[PDB]
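Next comes model_26.cif, a file with mmCIF, C-alpha atoms and all ligand atoms; chains and numbers go by the auth columns.
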data_model
#
loop_
_atom_site.group_PDB
_atom_site.id
_atom_site.type_symbol
_atom_site.label_atom_id
_atom_site.label_comp_id
_atom_site.label_asym_id
_atom_site.label_seq_id
_atom_site.Cartn_x
_atom_site.Cartn_y
_atom_site.Cartn_z
_atom_site.B_iso_or_equiv
_atom_site.auth_seq_id
_atom_site.auth_asym_id
ATOM 1 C CA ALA A 1 -11.664 9.057 15.450 0.00 27 A
ATOM 2 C CA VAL A 2 -9.351 6.359 14.203 0.00 28 A
ATOM 3 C CA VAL A 3 -6.253 8.059 12.759 0.00 29 A
ATOM 4 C CA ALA A 4 -4.346 6.111 10.084 0.00 30 A
ATOM 5 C CA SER A 5 -0.969 7.036 8.675 0.00 31 A
ATOM 6 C CA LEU A 6 -1.610 6.022 5.002 0.00 32 A
ATOM 7 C CA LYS A 7 -4.806 6.088 2.969 0.00 33 A
ATOM 8 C CA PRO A 8 -5.026 2.315 2.414 0.00 34 A
ATOM 9 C CA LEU A 9 -4.770 1.794 6.163 0.00 35 A
ATOM 10 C CA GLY A 10 -7.557 4.369 6.361 0.00 36 A
ATOM 11 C CA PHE A 11 -9.599 2.134 3.944 0.00 37 A
ATOM 12 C CA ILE A 12 -9.271 -0.808 6.384 0.00 38 A
ATOM 13 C CA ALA A 13 -10.000 1.267 9.499 0.00 39 A
ATOM 14 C CA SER A 14 -13.010 2.931 7.823 0.00 40 A
ATOM 15 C CA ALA A 15 -14.581 -0.503 7.232 0.00 41 A
ATOM 16 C CA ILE A 16 -14.210 -1.479 10.906 0.00 42 A
ATOM 17 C CA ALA A 17 -15.154 1.916 12.426 0.00 43 A
ATOM 18 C CA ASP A 18 -18.070 2.543 10.020 0.00 44 A
ATOM 19 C CA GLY A 19 -21.005 4.196 11.907 0.00 45 A
ATOM 20 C CA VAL A 20 -19.021 4.144 15.130 0.00 46 A
ATOM 21 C CA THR A 21 -16.383 6.803 14.732 0.00 47 A
ATOM 22 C CA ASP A 22 -14.719 8.745 11.924 0.00 48 A
ATOM 23 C CA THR A 23 -11.530 7.615 10.215 0.00 49 A
ATOM 24 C CA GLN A 24 -8.870 10.190 9.293 0.00 50 A
ATOM 25 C CA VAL A 25 -5.716 9.829 7.236 0.00 51 A
ATOM 26 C CA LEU A 26 -2.488 11.781 7.894 0.00 52 A
ATOM 27 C CA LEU A 27 -0.412 11.401 4.739 0.00 53 A
ATOM 28 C CA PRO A 28 -1.427 13.518 1.727 0.00 54 A
ATOM 29 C CA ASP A 29 -1.533 12.603 -2.000 0.00 55 A
ATOM 30 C CA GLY A 30 2.078 12.512 -3.302 0.00 56 A
ATOM 31 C CA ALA A 31 3.808 12.763 0.068 0.00 57 A
ATOM 32 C CA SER A 32 6.697 10.526 1.170 0.00 58 A
ATOM 33 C CA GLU A 33 5.649 7.283 2.907 0.00 59 A
ATOM 34 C CA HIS A 34 8.924 7.515 4.931 0.00 60 A
ATOM 35 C CA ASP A 35 10.079 11.132 5.436 0.00 61 A
ATOM 36 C CA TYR A 36 6.958 13.269 5.427 0.00 62 A
ATOM 37 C CA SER A 37 7.056 15.995 8.094 0.00 63 A
ATOM 38 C CA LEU A 38 4.189 15.878 10.523 0.00 64 A
ATOM 39 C CA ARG A 39 2.953 19.322 11.480 0.00 65 A
ATOM 40 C CA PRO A 40 2.036 19.963 15.112 0.00 66 A
ATOM 41 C CA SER A 41 -1.612 19.673 14.024 0.00 67 A
ATOM 42 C CA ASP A 42 -0.987 16.060 12.838 0.00 68 A
ATOM 43 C CA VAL A 43 0.681 15.116 16.164 0.00 69 A
ATOM 44 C CA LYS A 44 -2.291 16.590 17.935 0.00 70 A
ATOM 45 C CA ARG A 45 -4.658 14.454 15.817 0.00 71 A
ATOM 46 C CA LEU A 46 -2.569 11.419 16.733 0.00 72 A
ATOM 47 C CA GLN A 47 -2.542 12.215 20.475 0.00 73 A
ATOM 48 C CA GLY A 48 -6.269 12.841 20.402 0.00 74 A
ATOM 49 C CA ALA A 49 -7.201 9.692 18.448 0.00 75 A
ATOM 50 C CA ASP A 50 -9.329 6.819 19.867 0.00 76 A
ATOM 51 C CA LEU A 51 -6.926 4.574 17.950 0.00 77 A
ATOM 52 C CA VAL A 52 -3.818 5.098 15.747 0.00 78 A
ATOM 53 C CA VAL A 53 -3.046 2.651 12.885 0.00 79 A
ATOM 54 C CA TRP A 54 0.292 2.534 11.092 0.00 80 A
ATOM 55 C CA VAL A 55 2.728 -0.011 9.585 0.00 81 A
ATOM 56 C CA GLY A 56 5.642 0.780 11.932 0.00 82 A
ATOM 57 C CA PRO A 57 9.052 2.453 12.390 0.00 83 A
ATOM 58 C CA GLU A 58 10.583 0.889 9.259 0.00 84 A
ATOM 59 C CA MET A 59 7.881 2.407 7.033 0.00 85 A
ATOM 60 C CA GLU A 60 6.440 5.653 8.500 0.00 86 A
ATOM 61 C CA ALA A 61 9.629 6.662 10.204 0.00 87 A
ATOM 62 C CA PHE A 62 8.092 10.151 10.381 0.00 88 A
ATOM 63 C CA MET A 63 5.716 9.184 13.170 0.00 89 A
ATOM 64 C CA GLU A 64 7.836 6.924 15.371 0.00 90 A
ATOM 65 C CA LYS A 65 8.554 9.692 17.933 0.00 91 A
ATOM 66 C CA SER A 66 5.036 11.136 17.858 0.00 92 A
ATOM 67 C CA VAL A 67 3.542 7.779 18.685 0.00 93 A
ATOM 68 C CA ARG A 68 5.948 6.790 21.505 0.00 94 A
ATOM 69 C CA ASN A 69 3.573 8.513 23.949 0.00 95 A
ATOM 70 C CA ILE A 70 0.538 6.563 22.871 0.00 96 A
ATOM 71 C CA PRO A 71 -0.417 3.506 24.966 0.00 97 A
ATOM 72 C CA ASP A 72 -0.622 0.054 23.376 0.00 98 A
ATOM 73 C CA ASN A 73 -4.378 -0.227 23.820 0.00 99 A
ATOM 74 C CA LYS A 74 -4.669 2.847 21.528 0.00 100 A
ATOM 75 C CA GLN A 75 -2.357 1.828 18.683 0.00 101 A
ATOM 76 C CA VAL A 76 -2.206 -0.885 16.060 0.00 102 A
ATOM 77 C CA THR A 77 1.354 -1.216 14.751 0.00 103 A
ATOM 78 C CA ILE A 78 0.845 -3.609 11.861 0.00 104 A
ATOM 79 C CA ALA A 79 4.465 -4.739 11.415 0.00 105 A
ATOM 80 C CA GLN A 80 4.492 -5.793 15.111 0.00 106 A
ATOM 81 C CA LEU A 81 1.324 -7.856 15.123 0.00 107 A
ATOM 82 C CA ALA A 82 1.873 -11.518 16.099 0.00 108 A
ATOM 83 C CA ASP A 83 -0.148 -12.794 13.206 0.00 109 A
ATOM 84 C CA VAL A 84 1.749 -10.651 10.707 0.00 110 A
ATOM 85 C CA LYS A 85 5.227 -11.808 11.768 0.00 111 A
ATOM 86 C CA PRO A 86 5.531 -14.944 9.637 0.00 112 A
ATOM 87 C CA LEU A 87 4.098 -13.007 6.672 0.00 113 A
ATOM 88 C CA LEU A 88 6.889 -10.352 6.660 0.00 114 A
ATOM 89 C CA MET A 89 9.141 -10.661 3.565 0.00 115 A
ATOM 90 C CA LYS A 90 12.806 -10.049 2.900 0.00 116 A
ATOM 91 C CA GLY A 91 11.620 -9.065 -0.582 0.00 117 A
ATOM 92 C CA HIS A 92 12.886 2.190 2.120 0.00 140 A
ATOM 93 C CA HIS A 93 15.966 0.452 3.473 0.00 141 A
ATOM 94 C CA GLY A 94 15.776 -2.096 6.353 0.00 142 A
ATOM 95 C CA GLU A 95 15.688 -5.830 5.729 0.00 143 A
ATOM 96 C CA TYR A 96 11.964 -6.474 5.272 0.00 144 A
ATOM 97 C CA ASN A 97 9.368 -5.182 2.748 0.00 145 A
ATOM 98 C CA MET A 98 7.074 -2.828 4.743 0.00 146 A
ATOM 99 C CA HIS A 99 4.447 -2.176 2.033 0.00 147 A
ATOM 100 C CA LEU A 100 2.115 -4.341 4.130 0.00 148 A
ATOM 101 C CA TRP A 101 -1.205 -2.746 3.049 0.00 149 A
ATOM 102 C CA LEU A 102 -1.044 -4.592 -0.320 0.00 150 A
ATOM 103 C CA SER A 103 -1.155 -8.081 1.333 0.00 151 A
ATOM 104 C CA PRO A 104 -4.780 -9.324 1.656 0.00 152 A
ATOM 105 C CA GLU A 105 -3.701 -11.584 4.525 0.00 153 A
ATOM 106 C CA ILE A 106 -2.048 -8.751 6.465 0.00 154 A
ATOM 107 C CA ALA A 107 -5.012 -6.486 5.697 0.00 155 A
ATOM 108 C CA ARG A 108 -7.207 -9.107 7.351 0.00 156 A
ATOM 109 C CA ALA A 109 -4.901 -9.289 10.381 0.00 157 A
ATOM 110 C CA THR A 110 -4.968 -5.493 10.518 0.00 158 A
ATOM 111 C CA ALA A 111 -8.791 -5.412 10.505 0.00 159 A
ATOM 112 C CA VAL A 112 -8.854 -7.993 13.278 0.00 160 A
ATOM 113 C CA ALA A 113 -6.469 -5.996 15.395 0.00 161 A
ATOM 114 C CA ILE A 114 -8.389 -2.758 14.847 0.00 162 A
ATOM 115 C CA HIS A 115 -11.640 -4.521 15.707 0.00 163 A
ATOM 116 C CA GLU A 116 -10.202 -6.054 18.878 0.00 164 A
ATOM 117 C CA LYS A 117 -8.914 -2.680 20.109 0.00 165 A
ATOM 118 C CA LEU A 118 -12.060 -0.801 19.237 0.00 166 A
ATOM 119 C CA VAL A 119 -14.254 -3.396 21.071 0.00 167 A
ATOM 120 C CA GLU A 120 -12.051 -2.935 24.140 0.00 168 A
ATOM 121 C CA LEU A 121 -12.286 0.898 23.836 0.00 169 A
ATOM 122 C CA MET A 122 -15.968 1.070 22.874 0.00 170 A
ATOM 123 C CA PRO A 123 -17.807 -1.956 24.338 0.00 171 A
ATOM 124 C CA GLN A 124 -21.128 -0.155 23.868 0.00 172 A
ATOM 125 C CA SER A 125 -20.590 -0.601 20.114 0.00 173 A
ATOM 126 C CA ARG A 126 -19.478 -4.238 20.212 0.00 174 A
ATOM 127 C CA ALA A 127 -22.268 -5.569 17.988 0.00 175 A
ATOM 128 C CA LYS A 128 -21.779 -2.858 15.337 0.00 176 A
ATOM 129 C CA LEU A 129 -18.015 -3.506 15.381 0.00 177 A
ATOM 130 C CA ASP A 130 -18.575 -7.257 15.032 0.00 178 A
ATOM 131 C CA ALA A 131 -20.955 -6.641 12.101 0.00 179 A
ATOM 132 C CA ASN A 132 -18.388 -4.366 10.458 0.00 180 A
ATOM 133 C CA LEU A 133 -15.566 -6.937 10.710 0.00 181 A
ATOM 134 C CA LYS A 134 -18.000 -9.513 9.320 0.00 182 A
ATOM 135 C CA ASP A 135 -18.727 -7.305 6.265 0.00 183 A
ATOM 136 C CA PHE A 136 -15.047 -6.420 5.793 0.00 184 A
ATOM 137 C CA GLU A 137 -14.073 -10.120 5.811 0.00 185 A
ATOM 138 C CA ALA A 138 -16.905 -11.033 3.438 0.00 186 A
ATOM 139 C CA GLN A 139 -15.917 -8.348 0.976 0.00 187 A
ATOM 140 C CA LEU A 140 -12.180 -9.221 1.227 0.00 188 A
ATOM 141 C CA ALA A 141 -12.924 -12.900 0.524 0.00 189 A
ATOM 142 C CA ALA A 142 -15.042 -11.986 -2.520 0.00 190 A
ATOM 143 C CA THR A 143 -12.497 -9.462 -3.772 0.00 191 A
ATOM 144 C CA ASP A 144 -9.612 -11.995 -3.308 0.00 192 A
ATOM 145 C CA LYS A 145 -11.321 -14.587 -5.574 0.00 193 A
ATOM 146 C CA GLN A 146 -12.335 -12.022 -8.189 0.00 194 A
ATOM 147 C CA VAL A 147 -8.903 -10.347 -8.400 0.00 195 A
ATOM 148 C CA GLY A 148 -7.206 -13.784 -8.325 0.00 196 A
ATOM 149 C CA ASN A 149 -9.315 -14.723 -11.347 0.00 197 A
ATOM 150 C CA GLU A 150 -8.657 -11.498 -13.179 0.00 198 A
ATOM 151 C CA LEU A 151 -4.836 -11.729 -12.713 0.00 199 A
ATOM 152 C CA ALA A 152 -4.190 -15.473 -13.215 0.00 200 A
ATOM 153 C CA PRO A 153 -3.967 -15.158 -17.008 0.00 201 A
ATOM 154 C CA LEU A 154 -1.309 -12.420 -16.595 0.00 202 A
ATOM 155 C CA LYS A 155 1.156 -14.798 -14.972 0.00 203 A
ATOM 156 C CA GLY A 156 4.388 -15.059 -17.026 0.00 204 A
ATOM 157 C CA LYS A 157 3.816 -11.625 -18.544 0.00 205 A
ATOM 158 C CA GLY A 158 6.877 -9.701 -17.358 0.00 206 A
ATOM 159 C CA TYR A 159 6.998 -6.027 -16.364 0.00 207 A
ATOM 160 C CA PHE A 160 9.120 -3.531 -14.470 0.00 208 A
ATOM 161 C CA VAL A 161 8.090 -0.837 -12.024 0.00 209 A
ATOM 162 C CA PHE A 162 9.639 2.415 -10.680 0.00 210 A
ATOM 163 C CA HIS A 163 8.719 1.967 -6.964 0.00 211 A
ATOM 164 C CA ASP A 164 9.166 -1.491 -5.492 0.00 212 A
ATOM 165 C CA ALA A 165 5.962 -1.290 -3.466 0.00 213 A
ATOM 166 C CA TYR A 166 3.978 -4.209 -4.833 0.00 214 A
ATOM 167 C CA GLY A 167 5.728 -7.437 -3.700 0.00 215 A
ATOM 168 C CA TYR A 168 3.035 -8.647 -1.285 0.00 216 A
ATOM 169 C CA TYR A 169 0.246 -8.254 -3.860 0.00 217 A
ATOM 170 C CA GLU A 170 2.375 -9.756 -6.663 0.00 218 A
ATOM 171 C CA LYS A 171 3.448 -12.833 -4.655 0.00 219 A
ATOM 172 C CA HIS A 172 -0.129 -13.378 -3.412 0.00 220 A
ATOM 173 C CA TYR A 173 -1.733 -13.159 -6.865 0.00 221 A
ATOM 174 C CA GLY A 174 1.023 -14.932 -8.873 0.00 222 A
ATOM 175 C CA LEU A 175 2.136 -11.888 -10.904 0.00 223 A
ATOM 176 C CA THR A 176 5.653 -12.098 -12.375 0.00 224 A
ATOM 177 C CA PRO A 177 7.488 -8.792 -11.979 0.00 225 A
ATOM 178 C CA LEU A 178 10.939 -8.590 -13.571 0.00 226 A
ATOM 179 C CA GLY A 179 12.333 -5.939 -11.178 0.00 227 A
ATOM 180 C CA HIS A 180 12.353 -2.168 -10.627 0.00 228 A
ATOM 181 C CA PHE A 181 14.276 0.924 -11.683 0.00 229 A
ATOM 182 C CA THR A 182 15.207 3.807 -9.389 0.00 230 A
ATOM 183 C CA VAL A 183 13.983 6.757 -11.454 0.00 231 A
ATOM 184 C CA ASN A 184 13.443 10.402 -10.496 0.00 232 A
ATOM 185 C CA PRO A 185 9.761 11.308 -11.165 0.00 233 A
ATOM 186 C CA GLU A 186 10.712 14.790 -12.397 0.00 234 A
ATOM 187 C CA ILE A 187 13.949 14.250 -14.346 0.00 235 A
ATOM 188 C CA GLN A 188 14.612 11.639 -17.081 0.00 236 A
ATOM 189 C CA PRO A 189 17.820 9.768 -16.100 0.00 237 A
ATOM 190 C CA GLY A 190 21.318 10.367 -17.510 0.00 238 A
ATOM 191 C CA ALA A 191 22.275 8.808 -20.875 0.00 239 A
ATOM 192 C CA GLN A 192 24.247 5.953 -19.231 0.00 240 A
ATOM 193 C CA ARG A 193 21.475 4.891 -16.838 0.00 241 A
ATOM 194 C CA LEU A 194 18.838 5.436 -19.547 0.00 242 A
ATOM 195 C CA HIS A 195 20.855 3.057 -21.751 0.00 243 A
ATOM 196 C CA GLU A 196 21.175 0.398 -19.027 0.00 244 A
ATOM 197 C CA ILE A 197 17.410 0.619 -18.245 0.00 245 A
ATOM 198 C CA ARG A 198 16.291 0.468 -21.855 0.00 246 A
ATOM 199 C CA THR A 199 18.552 -2.526 -22.571 0.00 247 A
ATOM 200 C CA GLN A 200 17.063 -4.404 -19.609 0.00 248 A
ATOM 201 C CA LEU A 201 13.504 -3.647 -20.805 0.00 249 A
ATOM 202 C CA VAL A 202 14.357 -5.119 -24.216 0.00 250 A
ATOM 203 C CA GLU A 203 16.682 -7.906 -23.010 0.00 251 A
ATOM 204 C CA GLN A 204 13.966 -9.378 -20.824 0.00 252 A
ATOM 205 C CA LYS A 205 11.013 -8.881 -23.234 0.00 253 A
ATOM 206 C CA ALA A 206 9.047 -6.828 -20.633 0.00 254 A
ATOM 207 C CA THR A 207 5.433 -6.490 -21.671 0.00 255 A
ATOM 208 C CA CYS A 208 4.976 -3.352 -19.543 0.00 256 A
ATOM 209 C CA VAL A 209 6.707 -0.772 -17.459 0.00 257 A
ATOM 210 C CA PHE A 210 4.575 0.790 -14.688 0.00 258 A
ATOM 211 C CA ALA A 211 4.961 4.319 -13.395 0.00 259 A
ATOM 212 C CA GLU A 212 3.401 5.930 -10.276 0.00 260 A
ATOM 213 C CA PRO A 213 0.898 8.784 -10.688 0.00 261 A
ATOM 214 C CA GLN A 214 3.400 11.490 -9.618 0.00 262 A
ATOM 215 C CA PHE A 215 5.500 10.705 -12.723 0.00 263 A
ATOM 216 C CA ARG A 216 5.819 13.229 -15.533 0.00 264 A
ATOM 217 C CA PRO A 217 4.594 11.464 -18.686 0.00 265 A
ATOM 218 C CA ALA A 218 7.828 12.615 -20.408 0.00 266 A
ATOM 219 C CA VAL A 219 10.255 10.653 -18.204 0.00 267 A
ATOM 220 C CA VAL A 220 8.156 7.504 -18.516 0.00 268 A
ATOM 221 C CA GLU A 221 8.044 8.050 -22.298 0.00 269 A
ATOM 222 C CA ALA A 222 11.844 8.440 -22.276 0.00 270 A
ATOM 223 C CA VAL A 223 12.220 5.107 -20.466 0.00 271 A
ATOM 224 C CA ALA A 224 9.884 3.333 -22.910 0.00 272 A
ATOM 225 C CA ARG A 225 10.692 5.128 -26.235 0.00 273 A
ATOM 226 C CA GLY A 226 11.625 2.777 -29.084 0.00 274 A
ATOM 227 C CA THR A 227 11.320 -0.335 -26.947 0.00 275 A
ATOM 228 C CA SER A 228 8.134 -2.182 -27.633 0.00 276 A
ATOM 229 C CA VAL A 229 7.209 -1.944 -23.923 0.00 277 A
ATOM 230 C CA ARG A 230 3.744 -0.613 -23.104 0.00 278 A
ATOM 231 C CA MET A 231 3.339 2.083 -20.453 0.00 279 A
ATOM 232 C CA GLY A 232 1.062 1.548 -17.448 0.00 280 A
ATOM 233 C CA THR A 233 0.306 3.295 -14.134 0.00 281 A
ATOM 234 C CA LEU A 234 -0.006 1.778 -10.634 0.00 282 A
ATOM 235 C CA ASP A 235 -1.263 3.649 -7.534 0.00 283 A
ATOM 236 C CA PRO A 236 -0.064 1.884 -4.351 0.00 284 A
ATOM 237 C CA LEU A 237 -1.977 4.381 -2.133 0.00 285 A
ATOM 238 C CA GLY A 238 -5.427 4.386 -3.915 0.00 286 A
ATOM 239 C CA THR A 239 -5.463 8.211 -3.876 0.00 287 A
ATOM 240 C CA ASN A 240 -8.656 8.468 -5.947 0.00 288 A
ATOM 241 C CA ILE A 241 -10.582 6.088 -3.652 0.00 289 A
ATOM 242 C CA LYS A 242 -12.750 7.572 -0.914 0.00 290 A
ATOM 243 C CA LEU A 243 -12.869 6.132 2.622 0.00 291 A
ATOM 244 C CA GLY A 244 -15.784 3.857 3.585 0.00 292 A
ATOM 245 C CA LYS A 245 -16.842 0.219 4.045 0.00 293 A
ATOM 246 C CA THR A 246 -16.163 -0.966 0.496 0.00 294 A
ATOM 247 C CA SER A 247 -12.952 1.100 0.006 0.00 295 A
ATOM 248 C CA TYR A 248 -10.259 -1.509 0.717 0.00 296 A
ATOM 249 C CA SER A 249 -11.988 -3.960 -1.657 0.00 297 A
ATOM 250 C CA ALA A 250 -12.213 -1.197 -4.268 0.00 298 A
ATOM 251 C CA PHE A 251 -8.479 -0.558 -3.772 0.00 299 A
ATOM 252 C CA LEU A 252 -7.447 -4.210 -4.451 0.00 300 A
ATOM 253 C CA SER A 253 -9.758 -4.362 -7.507 0.00 301 A
ATOM 254 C CA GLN A 254 -8.494 -1.045 -8.854 0.00 302 A
ATOM 255 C CA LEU A 255 -4.876 -2.163 -8.601 0.00 303 A
ATOM 256 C CA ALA A 256 -5.824 -5.370 -10.509 0.00 304 A
ATOM 257 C CA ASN A 257 -7.449 -3.269 -13.258 0.00 305 A
ATOM 258 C CA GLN A 258 -4.364 -1.088 -13.424 0.00 306 A
ATOM 259 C CA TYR A 259 -2.155 -4.191 -13.947 0.00 307 A
ATOM 260 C CA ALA A 260 -4.606 -5.699 -16.441 0.00 308 A
ATOM 261 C CA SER A 261 -5.054 -2.489 -18.486 0.00 309 A
ATOM 262 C CA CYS A 262 -1.415 -2.748 -19.545 0.00 310 A
ATOM 263 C CA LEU A 263 -0.549 -6.451 -19.332 0.00 311 A
ATOM 264 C CA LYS A 264 -3.715 -7.589 -21.126 0.00 312 A
ATOM 265 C CA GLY A 265 -3.175 -9.078 -24.581 0.00 313 A
HETATM 266 ZN ZN ZN B . 7.754 2.437 -1.011 0.00 401 A
#
Render the structure in this file as structure tokens.
Ligand SMILES: [Zn+2]
Amino acid sequence: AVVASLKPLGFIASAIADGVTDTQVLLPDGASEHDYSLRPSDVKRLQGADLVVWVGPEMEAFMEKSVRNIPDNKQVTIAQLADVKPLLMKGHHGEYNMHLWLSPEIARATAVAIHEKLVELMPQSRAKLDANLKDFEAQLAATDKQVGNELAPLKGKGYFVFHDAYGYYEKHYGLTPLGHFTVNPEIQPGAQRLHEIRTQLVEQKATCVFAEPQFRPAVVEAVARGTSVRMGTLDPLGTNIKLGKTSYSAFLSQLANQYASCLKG
């Protein structure tokens, strides 16, 4: 199997490995992209994998050690790919935005790297692997134009988010985010921070504020109450999307819909 750290990376791998080997994802729904704790069973999946796919030590810090052991011909570390380098953005600590799975260009570079490594590992399946990369690239191209069309009219419509995960997607599709607030998903912030957040929402004429799905509706409501800012939801991990050939395209289109549901009109 191909073992991917995060579900969207599993979407990309599942397109390339389709009909050749299974794809498996390590990180559950609602878990921390940085500080999840791998169980011994997860390390064992990793050590047993045909290929491991992850962003790198500045994102999934939780698997850095586990993956040290694994030879280069059996891992794709997306942040380290030569074709990804120039695409890495200043804009989770560290200096560079590591939410790489939301960049269509990096997703393509990721698919290419996975394909190259799988062809080297499984030359008996070269033609199937080639066909799969062909279909992934065709769908990504089609998706890119369609999403690009759907989001173009939303340019200049400002919004805020709670998790600054979206910068690659936003820059690529010309969305205009106003910034983000550090909010606890469980607890509505203290009066002073609630005041500063609400004044920024109003001061900048934000059309929307976008929560993540692990957010209690109450704390979102508290952030938005009495402002005229509409409430939306974004899922940067596509948790409701199943693995398979069309999954990464479905992910990009779903995110666009999620933006457009709130920002529209
Ligand atoms: Zn993040």
Check what the PyMOL selection byres (((chain A and resi 306-309) around 12) and not hetatm) selects in the file above and give those residues as a PDB file with C-alpha atoms, in the frame of the given file.
ATOM      1  CA  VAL A 195      -8.903 -10.347  -8.400  1.00  0.00           C
ATOM      2  CA  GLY A 196      -7.206 -13.784  -8.325  1.00  0.00           C
ATOM      3  CA  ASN A 197      -9.315 -14.723 -11.347  1.00  0.00           C
ATOM      4  CA  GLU A 198      -8.657 -11.498 -13.179  1.00  0.00           C
ATOM      5  CA  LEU A 199      -4.836 -11.729 -12.713  1.00  0.00           C
ATOM      6  CA  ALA A 200      -4.190 -15.473 -13.215  1.00  0.00           C
ATOM      7  CA  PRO A 201      -3.967 -15.158 -17.008  1.00  0.00           C
ATOM      8  CA  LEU A 202      -1.309 -12.420 -16.595  1.00  0.00           C
ATOM      9  CA  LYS A 203       1.156 -14.798 -14.972  1.00  0.00           C
ATOM     10  CA  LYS A 205       3.816 -11.625 -18.544  1.00  0.00           C
ATOM     11  CA  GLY A 206       6.877  -9.701 -17.358  1.00  0.00           C
ATOM     12  CA  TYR A 207       6.998  -6.027 -16.364  1.00  0.00           C
ATOM     13  CA  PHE A 208       9.120  -3.531 -14.470  1.00  0.00           C
ATOM     14  CA  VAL A 209       8.090  -0.837 -12.024  1.00  0.00           C
ATOM     15  CA  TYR A 214       3.978  -4.209  -4.833  1.00  0.00           C
ATOM     16  CA  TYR A 217       0.246  -8.254  -3.860  1.00  0.00           C
ATOM     17  CA  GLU A 218       2.375  -9.756  -6.663  1.00  0.00           C
ATOM     18  CA  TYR A 221      -1.733 -13.159  -6.865  1.00  0.00           C
ATOM     19  CA  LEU A 223       2.136 -11.888 -10.904  1.00  0.00           C
ATOM     20  CA  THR A 224       5.653 -12.098 -12.375  1.00  0.00           C
ATOM     21  CA  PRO A 225       7.488  -8.792 -11.979  1.00  0.00           C
ATOM     22  CA  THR A 255       5.433  -6.490 -21.671  1.00  0.00           C
ATOM     23  CA  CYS A 256       4.976  -3.352 -19.543  1.00  0.00           C
ATOM     24  CA  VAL A 257       6.707  -0.772 -17.459  1.00  0.00           C
ATOM     25  CA  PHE A 258       4.575   0.790 -14.688  1.00  0.00           C
ATOM     26  CA  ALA A 259       4.961   4.319 -13.395  1.00  0.00           C
ATOM     27  CA  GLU A 260       3.401   5.930 -10.276  1.00  0.00           C
ATOM     28  CA  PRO A 261       0.898   8.784 -10.688  1.00  0.00           C
ATOM     29  CA  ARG A 278       3.744  -0.613 -23.104  1.00  0.00           C
ATOM     30  CA  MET A 279       3.339   2.083 -20.453  1.00  0.00           C
ATOM     31  CA  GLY A 280       1.062   1.548 -17.448  1.00  0.00           C
ATOM     32  CA  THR A 281       0.306   3.295 -14.134  1.00  0.00           C
ATOM     33  CA  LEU A 282      -0.006   1.778 -10.634  1.00  0.00           C
ATOM     34  CA  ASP A 283      -1.263   3.649  -7.534  1.00  0.00           C
ATOM     35  CA  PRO A 284      -0.064   1.884  -4.351  1.00  0.00           C
ATOM     36  CA  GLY A 286      -5.427   4.386  -3.915  1.00  0.00           C
ATOM     37  CA  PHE A 299      -8.479  -0.558  -3.772  1.00  0.00           C
ATOM     38  CA  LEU A 300      -7.447  -4.210  -4.451  1.00  0.00           C
ATOM     39  CA  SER A 301      -9.758  -4.362  -7.507  1.00  0.00           C
ATOM     40  CA  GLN A 302      -8.494  -1.045  -8.854  1.00  0.00           C
ATOM     41  CA  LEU A 303      -4.876  -2.163  -8.601  1.00  0.00           C
ATOM     42  CA  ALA A 304      -5.824  -5.370 -10.509  1.00  0.00           C
ATOM     43  CA  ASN A 305      -7.449  -3.269 -13.258  1.00  0.00           C
ATOM     44  CA  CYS A 310      -1.415  -2.748 -19.545  1.00  0.00           C
ATOM     45  CA  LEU A 311      -0.549  -6.451 -19.332  1.00  0.00           C
ATOM     46  CA  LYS A 312      -3.715  -7.589 -21.126  1.00  0.00           C
ATOM     47  CA  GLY A 313      -3.175  -9.078 -24.581  1.00  0.00           C
TER      48      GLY A 313
END
Expand the PyMOL selection byres (((chain A and resi 241) around 12) and not hetatm) into the explicit residue set it covers here, and present it as a PDB file with C-alpha atoms, keeping the file's coordinate frame.
ATOM      1  CA  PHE A 229      14.276   0.924 -11.683  1.00  0.00           C
ATOM      2  CA  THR A 230      15.207   3.807  -9.389  1.00  0.00           C
ATOM      3  CA  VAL A 231      13.983   6.757 -11.454  1.00  0.00           C
ATOM      4  CA  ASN A 232      13.443  10.402 -10.496  1.00  0.00           C
ATOM      5  CA  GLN A 236      14.612  11.639 -17.081  1.00  0.00           C
ATOM      6  CA  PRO A 237      17.820   9.768 -16.100  1.00  0.00           C
ATOM      7  CA  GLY A 238      21.318  10.367 -17.510  1.00  0.00           C
ATOM      8  CA  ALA A 239      22.275   8.808 -20.875  1.00  0.00           C
ATOM      9  CA  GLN A 240      24.247   5.953 -19.231  1.00  0.00           C
ATOM     10  CA  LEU A 242      18.838   5.436 -19.547  1.00  0.00           C
ATOM     11  CA  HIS A 243      20.855   3.057 -21.751  1.00  0.00           C
ATOM     12  CA  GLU A 244      21.175   0.398 -19.027  1.00  0.00           C
ATOM     13  CA  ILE A 245      17.410   0.619 -18.245  1.00  0.00           C
ATOM     14  CA  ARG A 246      16.291   0.468 -21.855  1.00  0.00           C
ATOM     15  CA  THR A 247      18.552  -2.526 -22.571  1.00  0.00           C
ATOM     16  CA  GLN A 248      17.063  -4.404 -19.609  1.00  0.00           C
ATOM     17  CA  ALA A 270      11.844   8.440 -22.276  1.00  0.00           C
ATOM     18  CA  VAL A 271      12.220   5.107 -20.466  1.00  0.00           C
TER      19      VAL A 271
END
Please put the answer as AutoDock Vina command-line options: centre and edge lengths, in Å with one decimal, of a box along x, y and z that encloses all listed atoms of region 40-51 of chain A plus 5 Å on each side.
--center_x -13.4 --center_y 4.4 --center_z 11.2 --size_x 25.3 --size_y 21.7 --size_z 17.9
Could you state which residues are captured by the PyMOL selection byres (((not hetatm)) within 8 of (chain A and resi 401)) in this file, as a ChimeraX atom specification?
-> /A:59-60,140,146-147,211-213
Could you take the residues named above and write them with C-alpha atoms, as a compact mmCIF listing (two decimals), in the frame of the given file?
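Saved as out.txt:
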# COMPACT_ATOMS: atom_id res chain seq x y z
CA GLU A 59 5.65 7.28 2.91
CA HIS A 60 8.92 7.52 4.93
CA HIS A 140 12.89 2.19 2.12
CA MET A 146 7.07 -2.83 4.74
CA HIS A 147 4.45 -2.18 2.03
CA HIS A 211 8.72 1.97 -6.96
CA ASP A 212 9.17 -1.49 -5.49
CA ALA A 213 5.96 -1.29 -3.47
